[PDB]
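The data below hold one chain only, encoded as structure tokens and taken in the form deposited in one PDB entry.
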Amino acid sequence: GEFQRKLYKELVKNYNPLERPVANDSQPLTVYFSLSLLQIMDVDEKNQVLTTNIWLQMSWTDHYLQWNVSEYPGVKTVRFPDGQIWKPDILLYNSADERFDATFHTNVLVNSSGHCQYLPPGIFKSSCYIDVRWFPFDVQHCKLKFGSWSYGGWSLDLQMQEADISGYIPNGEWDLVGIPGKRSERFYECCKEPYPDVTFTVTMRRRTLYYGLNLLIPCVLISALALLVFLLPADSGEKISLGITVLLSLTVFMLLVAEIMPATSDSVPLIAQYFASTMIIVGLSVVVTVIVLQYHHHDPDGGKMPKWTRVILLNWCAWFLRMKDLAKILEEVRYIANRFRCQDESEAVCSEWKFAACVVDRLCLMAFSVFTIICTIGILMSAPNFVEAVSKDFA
């Protein structure tokens, strides 16, 4: 238009994009800083970074960009590109990013009274400590620290406005609890002037449904399947063939486990100690099976039974469980009869060893059942906010 052309030619005249737009040079320039969270992209435990989609919001008052609407009855707002008017240098302090800015400077909207508004959208990568001790029942607290790079409290004093979470697009894997802000002042031993900053703490909770369905169920099933070894009869030559195949399947399942579990060495994740306890239980099952088989295959050369060994496994442990011419012909045939009698005596004395082995199997079944139930329940129950996690996620 004919009016906004002369207004644009008038505004930029004798204008310097390096001076702070104030009227006295001794008064602070009030900048209202806010934030708008759009979504959470990824949370990396390897490099300890947090990727979010955030729209910043800045608003200050300029003094050299004021005009009377009466002389320009068709113009109410003007827009300037990046590098033609003064802009505050507020940027993320953490900013664990390659280019460190990730801001995409857009145009700057200015009203007719000098009130300037500016909101650059970008994807930020902050650096926060991730505590993985109670994985996967953990809760994180990551900080976003904004502030001016080279302006003090007497030149550009930051103010804070509540963050906006409208249009959050829930992540699905992480659940957002809230995002409060806080303004602080840092003093140096130079000048006795404040250095204000605005920090937003993003509090988020991990969802434990995918892990509880894809890691807990197969581990519990394999651990309970490993206990069937004691139920098998020793006559079938398939006891070790099951006891070691379960362990092989656990080893191949740890391959799927590995790609998920974090590799931090600061502490021991709860899922790691749970899987290690399960693995130790399955490992000791084979040793118990080996001892039971060493007791079942009793060669007929080691007596009947030691008194100390018998008096326990057949009287006390079995009580707790409630198991419960013609002369040559005569000499030729009585030898066969006595041979059969002696073989029957040998098999009768060797049957009790098999019965003791069955008793030992039942004892080990009870002991390992209570071991695995107690370990599996206790390890998961010991974690904090477990009841809150199951109540929110599962139910």
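The first residue of the shown sequence is 1; numbering continues from there. Basically, rigid core = biggest C-alpha set you can superpose within 1.5 Å across the two forms.
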Looking at the deposited sequence, how many residues between residue 324 and residue 325 were given no coordinates in the entry: none, 1 to 3, 4 to 9, or 10 or more?
10 or more
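We do not show the form deposited in another entry, though everything after this point is about it.
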Rigid-core superposed between the shown form and the other one, candidates 165, 109, 123, 281; the one over the 2 Å C-alpha cutoff or at it is 281
For residue 369, decide whether the Cα shift between the shown form and the other one is 2 Å or greater, given a superposition on the rigid core.
yes
Following rigid core alignment, is the displacement of the residue 354 C-alpha between the shown form and the other one equal to or greater than 2 angstroms?
yes
For residue 233, state whether the C-alpha moves by 2 Å or more between the shown form and the other one after rigid core superposition.
yes
